[PDB]
Q: 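This is the structure, below, for whatever I ask next.
Sequence positions, counted from 1, serve as the residue numbers for this chain. Keep in mind that the numbers below use all heavy atoms, side chains included, and drop hydrogens, waters and symmetry copies. Indexing begins at 1, ligand by ligand and atom by atom, following the structure's order.
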Amino acid sequence: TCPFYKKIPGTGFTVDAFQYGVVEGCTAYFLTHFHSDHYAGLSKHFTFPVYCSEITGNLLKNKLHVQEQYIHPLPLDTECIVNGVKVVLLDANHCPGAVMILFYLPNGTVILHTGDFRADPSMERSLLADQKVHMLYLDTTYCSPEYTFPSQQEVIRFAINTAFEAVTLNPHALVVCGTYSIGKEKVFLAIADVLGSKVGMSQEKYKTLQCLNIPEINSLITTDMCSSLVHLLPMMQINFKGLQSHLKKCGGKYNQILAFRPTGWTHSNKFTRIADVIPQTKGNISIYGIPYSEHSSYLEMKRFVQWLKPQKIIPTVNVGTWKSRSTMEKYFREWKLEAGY
Ligand code: NI
């Protein structure tokens with residue numbers, strides 16, 4: 001049965017609700033982004049209207065074989081009308097194609113659903129600036145003050161500098177980057193760019209990336225692993241055994257692996273700046289865990305909400321324990337008292 005925080009009141013709409021069969025009273029299903037926890041249940045047999053971004057639509061058609069007639073892509077930053085309700089899709093600064101949704105209800109209520117997001121001050125100058133929001137359904141993934149992390153830019157600078165130095169010192173080193181879903185493409189693309197290489201990957205992963213419009217993609221990615229010194233592997237293979245084996249598969253082209261595991265958060269951020277990060281090493285294999293997040297830090301989230309000043313906040317993450325729920329509600333109270341709303 002569909003939870004309440006996936007239902008938009010005063011509409012026949014749901015958000016990221018495909019794993020519950022036919023939702024009672026749902027006339028249109030919105031999908032914020034192409035991550036499995038959100039799309040789970042879509043397939044070729046789906047025959048209700050799905051509203052999403054252009055990129056998300058491309059992925060629905062090609063990867064899941066959803067039929068074209070049921071896919072309704074909307075342009076960003078554009079007032080559109082769905083079953084008589086004005087809607088706008090806004091960039092969520094999450095993975096490619098990820099959106100937030102603004103709903104303008106017939107009675108005058110305005111609702112923002114963030115989907116998954118990484119709050120940024122650039123959002124303070126989109127269509128949000130111009131009006132009040134009565135209800136915010138908020139991505140609360142990292143809603144606690146221990147979750148502090150660097151900017152994506154600082155993390156990429158660290159990665160590029162590390163990889164460039166390693167391959168310069170040993171031209172026979174291979175760089176590996178882990179992946180488990182779309183998102184975090186900048187990690188591997190920025191590395192390949194500095195080394196003068198393409199990123200080699202499986203045919204299935206190549207086809208996924210080709211679905212995303214990213215300009216100059218024929219230009220940065222390939223299925224020819226032999227001609228590439230940056231390889232993309234499943235995140236599960238980013239460990240000493242998986243990587244020893246990969247190295248075996250390369251037929252003596254390389255004698256060393258430097259691997260990156262972009263993670264959300266790790267407790268080393270509580271004690272260590274980006275510049276201080278060091279690898280785990282075993283033989284000729286080093287693994288760096290880097291804090292590349294596509295979700296708001298605590299402070300990013302706090303600033304977004306104190307700017308927006310919603311009348312009611314509905315959390316969409318960490319809602320399953322009484323202790324988590326209580327903790328988040330206590331922060332929301334603080335934020336409201338400090339900002340004067
Ligand atoms: Ni996500």
Q: So that I can check it, does any N, O or S atom in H38 come closer than 2.8 Å to the Ni ion (ligand 1)?
A: no
Q: Should the pair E154-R273 be classified as a salt bridge under the 4.0 Å nitrogen-to-oxygen rule?
A: no
Q: Quick check on the hydrophobic clustering: are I313 and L105 connected, directly or via other members, by side-chain heavy-atom contacts under 4.5 Å?
A: yes
Q: Check whether any side-chain heavy atom of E334 lies under 4.5 Å from a side-chain heavy atom of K302, and answer yes or no.
A: no
Q: What do you get for the angle at the Ni ion (ligand 1) between ND1 on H35 and NE2 on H33, to the nearest 10 degrees?
A: 90°
Q: So, 2.8 Å as the limit: is an N/O/S atom of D116 located closer than that to the Ni ion (ligand 1)?
A: yes
Q: Without hydrogens or angle criteria, can the side chains of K249 and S245 be said to hold a donor-acceptor pair below 3.5 Å?
A: yes
Q: Backbone or side chain, does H295 get an N/O/S atom under 2.8 Å to the Ni ion (ligand 1)?
A: no
